[PDB]
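Below is one structure, written out as structure tokens; the observations come after it.
Numbers restart at 1 for each chain; the letters A, B, ... are given by sequence-line order, proteins then strands. Both backbone and side-chain heavy atoms feed into the values below; hydrogens, waters and symmetry mates do not.
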Number of protein chains: 2
Amino acid sequence: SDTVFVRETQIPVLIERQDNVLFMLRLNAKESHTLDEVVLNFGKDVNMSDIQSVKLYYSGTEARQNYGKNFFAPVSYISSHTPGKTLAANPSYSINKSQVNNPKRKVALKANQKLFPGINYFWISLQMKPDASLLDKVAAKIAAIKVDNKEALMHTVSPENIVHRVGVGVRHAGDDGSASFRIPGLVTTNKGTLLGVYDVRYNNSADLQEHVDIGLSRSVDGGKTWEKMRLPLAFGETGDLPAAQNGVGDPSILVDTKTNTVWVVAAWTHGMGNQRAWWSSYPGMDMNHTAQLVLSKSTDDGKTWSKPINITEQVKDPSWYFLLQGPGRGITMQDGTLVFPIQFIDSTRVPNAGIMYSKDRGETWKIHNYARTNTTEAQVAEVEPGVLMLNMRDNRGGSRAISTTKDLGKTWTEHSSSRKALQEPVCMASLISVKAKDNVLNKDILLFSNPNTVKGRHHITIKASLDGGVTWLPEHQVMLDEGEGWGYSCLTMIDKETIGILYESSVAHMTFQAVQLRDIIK
Amino acid sequence: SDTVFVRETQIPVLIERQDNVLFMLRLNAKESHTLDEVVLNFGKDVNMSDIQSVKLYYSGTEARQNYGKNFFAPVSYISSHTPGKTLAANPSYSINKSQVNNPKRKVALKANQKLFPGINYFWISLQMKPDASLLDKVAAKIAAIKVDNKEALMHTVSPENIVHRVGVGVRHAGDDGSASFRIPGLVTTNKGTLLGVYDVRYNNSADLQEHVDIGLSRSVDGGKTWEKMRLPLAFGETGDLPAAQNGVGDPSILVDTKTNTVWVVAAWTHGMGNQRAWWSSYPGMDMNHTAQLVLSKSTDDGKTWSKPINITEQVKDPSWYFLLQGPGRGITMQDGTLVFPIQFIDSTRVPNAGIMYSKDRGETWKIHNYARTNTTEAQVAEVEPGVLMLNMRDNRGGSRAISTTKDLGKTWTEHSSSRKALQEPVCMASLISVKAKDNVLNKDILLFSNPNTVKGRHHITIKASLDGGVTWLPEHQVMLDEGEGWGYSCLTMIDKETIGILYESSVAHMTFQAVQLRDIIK
Ligand SMILES: CC(=O)N[C@H]1[C@H]([C@H](O)[C@H](O)CO)OC(C(=O)O)=C[C@@H]1O
Ligand SMILES: CC(=O)N[C@H]1[C@H]([C@H](O)[C@H](O)CO)OC(C(=O)O)=C[C@@H]1O
């Protein structure tokens, strides 16, 4: 007898999407002729008034050579890549067989779908209310599938008690005329305002050099709604060159907690043809030879931004090929010191991570020594007062490097977790420190986010450490996105009990989610 | 002292484009500081009334690691790929420094461009009037370049007496909601109407299987203007599957010269997931196992098209994995037999080209034997009465295979030109015969078009033979497109003195050009 296999997804449910893949179904119809209906029950705690519709789609069959590979779909159903067409299921891949608007907890979805004599794919789509709260959690179970007027056998390969979390697609492919958005940074101001920054990569998703601005989305309601995109840094046709030879990218953002002034640092690349700035920036100091380190500041909680402030000459060794920030965010130290992670390719063309700091509220910056050779993107957190922990993307592969410094980068001490505790596929990763005074657990905690793999950028995960980054217990981890994406992410605390994350996801170029601190540390 | 190097282009000038690349300029400014102007002189026989404007663009500099590679641009200036943005220069890559509308034969284009200390790229854009004639030829020279208020040294690397030809983008990326268009076929009806067919590849440029229709563009004025796109073959959700599991593609079109009935044959692939039909079609006969060979016919000069006629059972051996037409066009023999090239993957998984014919005006069809093993796409021409010449894509690489048959494909003879006379990069190629009475030279001629290379799909060229394909003299050739593209093309005779070609070019997915026969046979 035939069996319907079910795979529940673990990806963000975007509130503004018209479709979100909730379940996939595979039926090899050796004897079945017609699928009549699917019955769904949402969990008892689901807020049904926040759900707009539930839909059953049929997506056809599979290539015969792929029978037996345990696939649950023939193709990706909802594009996150096609400009202007990432909110709804592609109708050429998926036929809407059933839809229920304003559903009850129990949903019957009538298909009456004639089955291909072979593999058949179906899937269930969840659409939220535009009004839905960011803390919504959705659970559901397929109760019954009727085939040829009989109850069909079912087998679920996905784990029990999946928690489906919602999110906001802050930026989608095509938005505001830009092909792509990448490289998130995220902070919370002293006024609780959320500020998320990113590359606006207009022509395609290529790294610098290209037509790239720094964009910024501002939320005054905890990430539920976002003001129209701002452009803190954009160089257009500066210095008489085309805009695509004036990109500025890889932003890092920090809040000066002593004054609430907000700083964005980025790498402005001038010239370099259409080639990658990693290989096209050279020794020197002016815009014709090397990438420029530029700042923009806001003294009004992120609403308006200064013209660019060039600090290259403060901190760049002329012998370096390329000095730029570590993308993501910076910090204010307890003693008021401002710190941005940085990275420089030295005279031998080897990259090294470190930090840059200001003791005068951002007027002047300085770099001492690198933390570790052959490392690039890094994030820094004050794990204990006066102790900066730098967590680094390591070109050796497979795991983050971690070191600490108590003299602002003069000397570095390798940490026990280094090259062991936090696996990576060589990719940006976020690290923040939350102090006992500032969170609902009255405990010092470290939060880290990245693709929890050694190969490929998928299974984006937030991990928590309770012993200052010595131990990252699998118990204290939340897996937000099992799909593939570009992998970058940046964390902040929305408030004393809620984590905010802005990251490159499988469902939107810039995806924002709120995760209760108690969900990850129960 | 500095030299400005000039490379004149050899690509079609699209009449509906706002920009076309005419000249590229490179100036390594070791001494120079400002480029003041470029003076252009159109040839004496150019019709200036058909020229809407000329423009001088600055496109910046080059990555230092690319100096000395003789590049003349940092990037492609005008996309033929980006949906909805293939008609005008990408503004982020090129700054419009000056423009002259309704120019005189001699034109000064100012720049006053401050030069980058290094490589500097400029280019000249040519924009035609929308009502320009397809037969327009544009010749031009750069008479002077002023740098620092002195005449600069010039060196032209491209040949003298380049003839720039206009054309029409019948189909552009994004038109009518389709991401791409591929695989041209072209015929001229008994009433002088031009009919061009192609894949409409809605989602992206992938081969079958995918969401693909056969589209058709019809022109009653020699290809100057084209009627709204028709869809002779489209299967949507046939057989209860999604449209993307019902693509129909690789069209071939022929005119029955005895009646003017027009026939289009294509391959309808049903099911197969989202995989390539080349690997997903299997032995068998019905739509759930193997690609279907389908026809549509028109008895009103291409204005309306019949429902599909499935002829698979007439001609397919069940043991073949895949039987399909050879894309492009077919023919009517002098004796009234209709002939479509075909190709089949046999039970040993090797493709073989051949021909399919009808002796009863297309009601029934037959296939005898393949002409050559490990061959795929082919085109057929009646070189003399009763002698069919099959010109074939050969997987061995490097050159077309050519064989002939006098018994409609029961037996075949390798031709002297085979695997020698016509190089190819393994790609579709067009072949037609124009009989003495039907052209102004009063001689039987063969016309051939393909990428005139052994590697890469570029330098699309029409070649003429005056001796039944025994020799293809280099002087009887016109190179239409030096740029890179998907490479396919199809020829027809617009009238007794004019060749028409529809092909995948570097400037438009479907590009139509008209070439006077005397241009190719002087
Ligand atoms: C200036 C620059 O190139 N930044 C890129 C960075 C860099 O290339 C790499 O870290 C060097 O190893 O990597 C990637 C990435 O998605 O992997 C995105 C960043 O934009
Ligand atoms: C049915 C199919 O796949 N046709 C494709 C054809 C085929 O794959 C190849 O000829 C086999 O070798 O090649 C290509 C090509 O641009 O080279 C496009 C055609 O759509």
Using a cut-off of under 4.5 Å for heavy-atom pairs, which of A:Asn274, A:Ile95, A:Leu241 has the most such pairs with chain B?
A:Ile95

Picking from A:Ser59, A:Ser79, A:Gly271, A:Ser92, which has the most non-hydrogen pairs under 4.5 angstrom with chain B?
A:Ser92

Name the region of A:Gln65, side chain, backbone, both or neither, that has any atom closer than 4.5 Å to a heavy atom of chain B.
both

Would you indicate whether A:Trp278, at its atom CH2, is surrounded by more than 12 heavy atoms from other residues, nucleotides or ligands within a distance under 6.0 Å?
yes

Measure distances from A:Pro117 to the heavy atoms of chain B and classify the residue's part below 4.5 Å as side chain, backbone, both or neither.
side chain

Answer with side chain, backbone, both or neither: which region of B:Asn246 has an atom nearer than 4.5 Å to a non-hydrogen atom of chain A?
neither

Does B:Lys146 NZ have over 12 foreign heavy atoms under 6.0 Å away?
yes

Any donor-acceptor N/O pair, A:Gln245 side chain to B:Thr61 backbone, under 3.5 Å:
yes

Among side-chain atoms of A:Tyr93 and B:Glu210, is any donor-acceptor pair under 3.5 angstrom?
yes

Part of B:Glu237 lying under 4.5 Å from any heavy atom of chain A:
side chain

Heavy-atom distance under 4.5 Å between the side chains of B:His289 and A:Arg64, does that happen here?
yes

Just wondering, more than 12 heavy atoms not from B:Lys30 lying within 6.0 Å of its NZ?
yes

In terms of heavy-atom pairs under 4.5 Å with chain A, the winner among B:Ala73, B:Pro242, B:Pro74 is B:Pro242

Would a 4.5 Å heavy-atom cut-off, applied to side chains only, mark A:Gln275 and B:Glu62 as touching?
yes

Which heavy-atom pair separates B:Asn203 from A:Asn90 by the least distance, and what is that distance?
OD1-ND2, 3.0 Å

Is any side-chain heavy atom of B:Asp240 less than 4.5 Å from a side-chain heavy atom of A:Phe116?
no

Looking only at A:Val75, A:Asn288, A:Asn120, the option with the highest number of non-hydrogen pairs under 4.5 Å against chain B is A:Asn288

Check this for me: A:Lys97, atom NZ, are more than 12 non-hydrogen atoms of other residues, nucleotides or ligands nearer than 6.0 Å?
yes

For A:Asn112, look at atom CG and say whether over 12 heavy atoms of other residues, nucleotides or ligands are found less than 6.0 Å away.
no

